[PDB]
Amino acid sequence: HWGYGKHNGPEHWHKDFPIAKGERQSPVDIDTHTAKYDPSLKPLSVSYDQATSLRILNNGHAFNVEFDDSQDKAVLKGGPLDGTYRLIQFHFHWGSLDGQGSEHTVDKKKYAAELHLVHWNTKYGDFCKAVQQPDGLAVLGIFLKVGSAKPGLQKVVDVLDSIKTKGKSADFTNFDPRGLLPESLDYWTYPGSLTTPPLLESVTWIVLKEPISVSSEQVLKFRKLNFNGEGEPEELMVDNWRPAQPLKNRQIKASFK
Ligand SMILES: Nc1ccc(/N=N/c2ccc(S(N)(=O)=O)cc2)cc1
Ligand SMILES: [Zn+2]
């Protein structure tokens with residue numbers, strides 16, 4: 001029953017998920033002047049050449065593009081990470097207006113949307129075990145600004161009509177997530193959590209400094225999705241983002257000088 005409305009939104013989540021008020025919750029504001037360059041960080045390696053997309057699903061909170069994670073086909077390594085993290089899915093969070101929609105903020109700036117590429121640590125064997133571990137997941141976060149169109153997003157945009165309502169899925173094979181990345185892999189990193197219930201404190205966040213540009217027409221099509229199921233009253237899928245949470249006893253590290 002959790003969601004993003006007045007009556008089931010982020011201010012209510014703590015009543016069923018008490019970890020909502022925990023010590024390593026996400027997202028956070030990234031204060032760029034306070035974040036410190038870390039020389040101990042190794043080079044970040046995004047290896048998506050053999051990625052195998054399968055399906056796209058409207059789950060009632062966002063849409064997920066799902067991948068075959070039964071082998072090391074699309075992996076994230078290096079940076080703050082020990083070992084190999086396998087891509088399982090990506091999704092977005094976005095706003096009702098271009099001035100909001102991101103989960104992380106940068107010096108309090110909100111972007112129009114945020115892309116999350118979700119990976120699990122292969123030392124734990126599957127996602128279900130990994131999500132219960134403090135180093136179980138790595139989420140690569142990428143900001144979206146409204147400007148020129150992102151060509152590699154268009155195949156996602158054009159399938160959204162077929163998954164308008166909660167519980168609808170469609171085939172989504174042969175999609176290359178490399179087309180969603182910016183040029184630079186400069187990043188900030190900190191230990192955090194899932195940004196939706198169950199809000200588990202199992203995520204190493206890696207947030208790219210360079211946003212990608214998407215067109216107004218592209219984000220407008222995100223906003224035509226529905227939170228509701230088929231034949232229920234229409235509630236547009238907009239503002240599916242959690243606001244920034246207290247940083248508490250954490251340091252945000254930068255990969256770049
Ligand atoms: N049992 C269970 C149910 C739902 C789960 N959700 N996984 C999610 C995966 C990634 C995100 S996020 N927004 O990338 O932090 C948030 C949730 C995880 C485990
Ligand atoms: Zn997310």
# chains A, B, ... in the order shown; residues from 1 in each chain; ligands from 1
>>> select_by_dssp(residues="range 74-147 of chain A", states="strand (DSSP E or B)", output="number ranges by chain")
A: 75-78, 85-94, 105-106, 109, 113-121, 137-146
>>> residues_near_ligand(ligand="ligand 2", cutoff="10 Å", atoms="only C-alpha atoms and all ligand atoms", output="count of residues only")
26
>>> closest_residue(among="A:94, A:127, A:227, A:37", to="ligand 1", atoms="only C-alpha atoms and all ligand atoms")
A:127
>>> residues_around(residues="residue 180 in chain A", least_positions_apart="2", cutoff="9 Å", atoms="only C-alpha atoms", output="list in words")
residues 115, 142, 150, 151, 152, 153, 176, 177, 178, 182 and 212 of chain A
>>> residues_around(residues="range 185-190 of chain A", least_positions_apart="2", cutoff="8 Å", atoms="only C-alpha atoms", output="VMD selection string")
chain A and resid 35 44 80 182 to 183 192 204 to 210 250 to 256
>>> residues_around(residues="residue 47 in chain A", least_positions_apart="3", cutoff="9 Å", atoms="only C-alpha atoms", output="PyMOL selection string")
chain A and resi 50-51+73-77+178
>>> write_last_selection(atoms="C-alpha atoms", output="PDB file, in the first residue's frame")
ATOM      1  CA  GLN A  50      27.244  -8.435 -23.225  1.00  0.00           C
ATOM      2  CA  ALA A  51      24.119  -7.070 -21.469  1.00  0.00           C
ATOM      3  CA  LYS A  73      27.185 -10.460 -18.697  1.00  0.00           C
ATOM      4  CA  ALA A  74      26.784  -6.841 -17.550  1.00  0.00           C
ATOM      5  CA  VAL A  75      28.879  -5.900 -14.536  1.00  0.00           C
ATOM      6  CA  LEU A  76      30.102  -2.987 -12.463  1.00  0.00           C
ATOM      7  CA  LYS A  77      33.557  -3.173 -10.811  1.00  0.00           C
ATOM      8  CA  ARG A 178      25.467   1.900 -22.742  1.00  0.00           C
TER       9      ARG A 178
END
>>> select_by_dssp(residues="range 16-186 of chain A", states="helix (DSSP H, G or I)", output="PyMOL selection string")
chain A and resi 18-21+122-124+127-130+151-163+177-180
>>> closest_residue(among="A:173, A:133, A:184, A:105", to="residue 46 in chain A", atoms="only C-alpha atoms")
A:184
>>> closest_residue(among="A:144, A:159, A:220, A:128", to="ligand 1", atoms="only C-alpha atoms and all ligand atoms")
A:128
>>> closest_residue(among="A:112, A:2, A:238, A:125", to="ligand 1", atoms="only C-alpha atoms and all ligand atoms")
A:2
>>> atom_distance(atom1="CA of residue 13 in chain A", atom2="CA of residue 135 in chain A")
23.4 Å
>>> closest_residue(among="A:162, A:174, A:96, A:122", to="residue 53 in chain A", atoms="only C-alpha atoms")
A:174
>>> residues_around(residues="residue 21 in chain A", least_positions_apart="3", cutoff="10 Å", atoms="only C-alpha atoms", output="list in words")
residues 13, 14, 17, 18, 24, 25, 199, 245 and 246 of chain A
>>> residues_around(residues="residue 165 in chain A", least_positions_apart="5", cutoff="7 Å", atoms="only C-alpha atoms", output="PyMOL selection string")
chain A and resi 58+225-230
>>> write_last_selection(atoms="C-alpha atoms", output="CSV table (one decimal), in the first residue's frame")
chain,number,residue,atom,x,y,z
A,58,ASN,CA,5.2,-1.2,-14.9
A,225,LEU,CA,2.3,6.4,-17.3
A,226,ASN,CA,-0.2,5.4,-14.6
A,227,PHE,CA,0.3,4.4,-11.0
A,228,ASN,CA,-3.1,2.6,-11.1
A,229,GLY,CA,-4.0,-0.7,-12.7
A,230,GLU,CA,-6.2,-1.1,-15.8
>>> closest_residue(among="A:81, A:160, A:106, A:28", to="residue 42 in chain A", atoms="only C-alpha atoms")
A:81
